[PDB]
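A short worksheet on the structure shown next.
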2 protein chains.
Amino acid sequence: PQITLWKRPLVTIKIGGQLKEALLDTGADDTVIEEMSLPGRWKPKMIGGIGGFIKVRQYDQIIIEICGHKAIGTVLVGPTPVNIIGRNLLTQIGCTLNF
Amino acid sequence: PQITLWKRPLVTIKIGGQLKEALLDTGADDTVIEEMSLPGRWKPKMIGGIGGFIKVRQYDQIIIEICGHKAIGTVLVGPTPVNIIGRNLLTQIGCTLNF
Ligand SMILES: C[C@@H]1CNC[C@H](CCc2c(F)cccc2NC(=O)CC(c2ccc(F)cc2)c2ccc(F)cc2)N1S(=O)(=O)c1ccccc1
Ligand SMILES: [Cl-]
Ligand SMILES: [Cl-]
Ligand SMILES: [Cl-]
């Protein structure tokens, strides 16, 4: 698909058997999801930007379905104000910026 | 151009006759740049990020060139970690997300 930027680019995702709404964010290096359980090992990480930093749990090799496109990668879980699909997963679905 | 997301989508911008590097960010509603002098009056604005909210200065109708494309619009100035081109100006240059 082609997504315009008149509004926030929010899409439905499937992660850990749950349907969630997430923002396609080219400015984010990593994917960050609101608090939820994920299987496997995790390690702590700090991520930051506008407003400062937050502590998150880093889970590796997590499958996410974004607009019917399957992608696998690291998913950070923590107190984010919005679910964010960052570059680590946008590349896997072949997402590009065009102008 | 078509920009992939394996690396940060950094481009050259021109504002106030100066070249600067900026990140194309579909996850940002607005454009925020690091401290610099801009003309005219400014209005107060709060922007929310991963770590919480910050106060910035809102300047309107600012001329800015983004990867050679001319835009004229709102530019926020504040303690942002990097210069960010948000949706308000990405729409002006006709930027879309494609997959
Ligand atoms: C979700 C929004 C919108 N995308 C941008 C940003 C990403 C934050 C983020 C995630 F969400 C998830 C995972 C990682 C990160 N951080 C980075 O990737 C670091 C990165 C960065 C930091 C702060 C920034 F402002 C913008 C980019 C960085 C780039 C170059 C450097 F040299 C150093 C750092 N957030 S924001 O701060 O809250 C916000 C920015 C503007 C307006 C509203 C909100
Ligand atoms: Cl990854
Ligand atoms: Cl590619
Ligand atoms: Cl604007």
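Counting starts at 1 for both ligands and their atoms, in listed order. For the numbers below, each heavy atom of this structure counts, side chains included, while hydrogens, waters and symmetry mates do not. Below, read A as the first sequence line, B as the second, and so on, with proteins coming before strands; counting in each chain starts at 1.
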**Report entry** Flag side-chain contact, heavy atom, 4.5 Å: A:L23 against A:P9
**Finding:** yes

Report task. State, with a plain yes or no, whether a side-chain heavy atom of A:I50 is found less than 4.5 Å away from one of B:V32. Result -> yes

Query raised in the report: Hey, is ligand 1 close enough to A:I84 that some N/O pair sits below 3.5 Å?
Result: no

Report summary line: Restricting to heavy atoms, the pick from A:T31, A:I50, A:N88 nearest atom 37 (O) of ligand 1 would be A:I50

Requested in this report: Examine the proximity of ligand 1 to B:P81 and report which part, side chain or backbone, both or neither, has a heavy atom under 4.0 Å away.
Outcome: side chain

Query - Given A:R87, A:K45, A:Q58, the one that forms side-chain contact (heavy atoms from CB on, under 4.5 Å) with A:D30 - result: A:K45

Report summary line: Residue, atom and distance of the protein heavy atom nearest atom 12 (C) of ligand 1 read A:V32 CG2, 3.2 Å

**Report entry** Residue pair A:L38 / A:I15, side-chain heavy-atom distance below 4.5 Å
**Finding:** yes

Report summary line: closest protein heavy atom to atom 14 (C) of ligand 1 is A:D30 OD2, 3.8 Å

Requested in this report: Please say whether A:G48 places an N or O atom under 3.5 Å from an N or O atom belonging to ligand 1.
Outcome: yes

Query raised in the report: Heavy-atom distance under 4.5 Å between the side chains of A:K55 and A:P44, does that happen here?
Result: yes

Query raised in the report: Taking atom types as modelled, is there a side-chain donor on B:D60 or B:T74 under 3.5 Å from an acceptor on the other?
Result: yes

Report summary line: Going by the 4.0 angstrom heavy-atom rule, the piece of A:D29 near ligand 1 is both

Query - Which residue and heavy atom of the protein sit nearest atom 5 (C) of ligand 1, plus the separation - result: B:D25 OD2, 2.9 Å

Report summary line: Looking only at protein heavy atoms, what sits closest to atom 23 (C) of ligand 1 is A:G49 CA, 3.1 Å

Query - Qualifying residue, where the test is side-chain contact (heavy atoms from CB on, under 4.5 Å) with B:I33 and the options are B:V82, B:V75, B:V56, B:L76 - result: B:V75

Query raised in the report: At a 4.0 Å cut-off, with the gap strictly under it, does some heavy atom of B:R8 reach an atom of ligand 1?
Result: yes

Report summary line: heavy-atom search around atom 20 (C) of ligand 1 in the protein gives A:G27 O, 4.3 Å

Requested in this report: Please write down residue, atom name and distance for the protein heavy atom closest to atom 32 (F) of ligand 1.
Outcome: B:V82 CG1, 3.2 Å

Query raised in the report: So do B:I54 and B:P79 actually touch side chain to side chain, heavy atoms under 4.5 Å?
Result: yes

Query raised in the report: Below 4.5 Å, heavy atoms only, C-beta onward: do A:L97 and B:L5 meet side chain to side chain?
Result: yes

Requested in this report: Around atom 10 (C) of ligand 1, find the nearest protein heavy atom and jot down its residue, atom name and distance.
Outcome: A:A28 CB, 3.8 Å

Query raised in the report: Should you measure from each heavy atom of B:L23, which atoms of ligand 1 turn up under 4.0 Å away?
Result: 27 (C)

